[PDB]
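Chemist: experimental structure and its sequence below.
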Amino acid sequence: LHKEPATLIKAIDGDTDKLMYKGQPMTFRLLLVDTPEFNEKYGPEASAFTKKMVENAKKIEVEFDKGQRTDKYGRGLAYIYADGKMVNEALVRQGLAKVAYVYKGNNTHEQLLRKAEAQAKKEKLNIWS
Ligand SMILES: Cc1cn([C@H]2C[C@H](OP(=O)(O)O)[C@@H](COP(=O)(O)O)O2)c(=O)[nH]c1=O
Ligand SMILES: [Ca+2]
């Protein structure tokens, strides 16, 4: 896999946001995770966590997996990095997302994320409290 450039257009919620990729606006959905919706417990906290991490970054990058790059809603499916730190992993490590939607052929970072989830669960963080 490889990282490609993008810039923030607007935060949306814990696992989606609007980025400019190859000069076009796209909604991206984070691979392999599921944050609560804004109206749900920890939803505001997931939204705030992703918003801060992406808005404070000097450099945003997107990394597509080996499979599908857009979902049935036209959202890009990627691992998003903020100054080299993976947003998907950081949400899971903080107990603000669960590992979820693991489809075969777009699952390169599954084990990295399950290790973060085990750590968040051991710590009883947030969703795991
Ligand atoms: C994360 C992800 C979601 N999706 C689809 C599955 C779910 O379909 P349904 O909308 O039919 O439930 C939806 C979950 O996204 P949200 O968690 O953003 O709602 O997005 C993919 O198809 N591929 C993916 O990698
Ligand atoms: Ca969600």
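Modeler: In hand now; what should we look at? Numbering: from 1, shown residues only. Ligands and ions are numbered 1, 2, ... in the order given.
Chemist: in the chain, what residue spans correspond to strands?
Modeler: Secondary structure of the chain (DSSP state E): strands located at 4-13, 16-21, 24-30, 33-34, 60-63, 76-82, 85-86, 98-99.
Chemist: what angle separates the third one from strand 4-13?
Modeler: Here the directions of strand 24-30 and strand 4-13 differ by 70 degrees (axes from the mean of the first three to the mean of the last three CA atoms, to 10 degrees).
Chemist: close to ligand 1, is strand 24-30?
Modeler: Yes - judged by CB under 6 Å from any ligand atom, strand 24-30 and ligand 1 are in contact via residue 29. Placement of C-beta: from N, CA and C, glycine included.
Chemist: where does the protein come near ligand 2, residue by residue?
Modeler: Within the chain, the positions lying close to ligand 2 (CB under 5 Å from the ion) are 34, 35.
Chemist: and the chain, which residues reach ligand 1?
Modeler: Counting by CB under 6 Å from any ligand atom, the residues of the chain close to ligand 1 are 29, 31, 34, 71, 72, 77, 101, 103.
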